[PDB]
Amino acid sequence: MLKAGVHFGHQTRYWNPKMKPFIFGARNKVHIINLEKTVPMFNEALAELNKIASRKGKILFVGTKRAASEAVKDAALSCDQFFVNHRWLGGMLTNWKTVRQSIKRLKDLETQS
RNA sequence: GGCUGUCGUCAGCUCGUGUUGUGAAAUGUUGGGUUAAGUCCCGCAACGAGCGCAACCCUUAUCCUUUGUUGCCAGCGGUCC
C-alpha cells in the first residue's frame, strides 16, 4: 500500500559498513535495503522541497546511467527544473567562472549559428 | 640592438579558475583508439583559455556574370587572302 520501495537492493558483498542501520538483513548472498525504513525521508524531503519552492528554489538532476540519465530529463522539464545528463565531470559548482563562460558563450553561439 | 640560420610546419609550451596535498608541488597536459596534427570521440577532478595545428592570404582546376582593346574569329561579305 506504500509507494515505491517494494525492491530488494543491489549488492552481494560490496557494502559500505556505514549502512549499519539501513539494511534489513543479509540473505541469499545479497544485502537487502530497509524497505520499511522508507517512511521518514519522504516526509522531510517533501517538507524542505516545499520550503525551498516557497521562494522557488532550484534543484539539480544528475545521473550517469544508461537508462536513468535520460529518465531524469523527464522529471526536469515536467517541473521545468535544472538537470544534467550523462558525463558530468566535476569542476563547475566550485569552478563557477569557467562554467558560466562556457554556458553563456556556447548557447549564444548556438543562437548565432 | 637589429637581422639571420638552427632543431622544425616537428608538435608541443604554458596560464586562469578549480581540485588534491601541511607543503614543495601535482592535476589539467590520462587509456582506448583517431588525425598530417595537444585532430577529435569515448571513460577520467578538472573545466577552460593562450601561443600552438587547421583555416583565414596568394596561385591552380570546372562553370557562370561583366567589359571586348592593341586580344578572338563561331556566322555573313568579298578579299591587296
Between 0 and 90°, nearest 10: helix A:96-112 axis offset from chain A longest Cα axis: 60
Nearest-20 debye value, chain A charge dipole, Cβ charges on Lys, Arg, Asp, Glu: 380
Residues residue A:96 and residue A:8, FRET efficiency given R0 of 30 Å [Cβ-Cβ distance, rounded to 0.05]: 0.15
Compare A:52, A:23, A:103 in a GNM of chain A, Cα atoms joined below 10 Å, and give the one with the largest fluctuation. A:103
So which of A:18/A:51; A:73/A:97; A:18/A:73 end up more than 27 Å apart by C-alpha? A:18/A:51; A:18/A:73
Compute the distribution of all C-alpha to C-alpha distances in chain A, in bins of 10 Å from 0, and list the percent of pairs in each, rounded to whole numbers. 11, 24, 37, 18, 9, 2
Between residue A:77 and residue A:39, what's the calculated FRET efficiency when r is the beta-carbon distance and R0 is 30 Å? Round to 0.05. 0.50
What do you get for trypsin sites (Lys or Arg not before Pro) in the range A:1-102 restricted to DSSP loop and a cutoff of at most 11 other Cβ within 10 Å of the site's Cβ? A:3, A:13, A:18, A:29, A:55, A:56, A:58, A:65, A:66, A:87
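Bear in mind these aren't lab numbers, they're just calculated from the coordinates by the rules spelled out. No Cβ is skipped: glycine too gets one built from the backbone with ideal geometry, and neighbour counts run over all protein chains shown.
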